[PDB]
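In the block that follows, a single chain appears as structure tokens, in the form deposited in one PDB entry.
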């Protein structure tokens, strides 16, 4: 139903020397997958798609600490679309905090708080990347608890991985191979935030940016 921009397993992304990359990350990356500008353009069409469905009303729900970058960009584009409406349209930003921990055995989620502003509203879940689908599934049954009118998921990234298949996202920026990516929205123990593009972390970068 729109798998988004499909980046296939075969020969993925771009050679490092084709784009501008912070020099201090020269050894910490393997290839580049999605240049920043390309993320921007897709995010724009995405915002157009969100208004089609949404817009009764809209509550955009950010996932805190981590997800702020993509949320901000997605919302900037929506604001950009909203400037031309003949009646000014109310829009509410919301926030859940959510942290995950490496598991022996079973998944660990630590949630969020104060979600009164959801009752009978159109709620958009914004995520950064979908791998196992647990974050999405958690955010789901959580908002379902507060009796909203509508619920969609938007996620910049869907990884091509084994999952329980539970709730397939409604809006997908990019469908990428099973590789570990950083930059743009995704840090690695606080590094790569200054990296605008989504790139594959290398082995040098993994060992260098400890934890």
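Rigid core here is just the name for the largest C-alpha set that superposes within 1.5 Å across the two forms. Residue numbers count along the first chain shown, from 1.
Keep in mind the form deposited in another entry is missing from the figure; the text below concerns it.
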{"query": "Single mover in 152, 160, 163, 42, with Cα shift of 2 Å or more between the shown form and the other one when the core is superposed", "finding": "163"}
{"query": "Residue 80 C-alpha moves between the shown form and the other one by 2 Å or more, core aligned", "finding": "no"}
{"query": "Post core alignment: residue 89 C-alpha displaced by 2 Å or more between the shown form and the other one", "finding": "yes"}
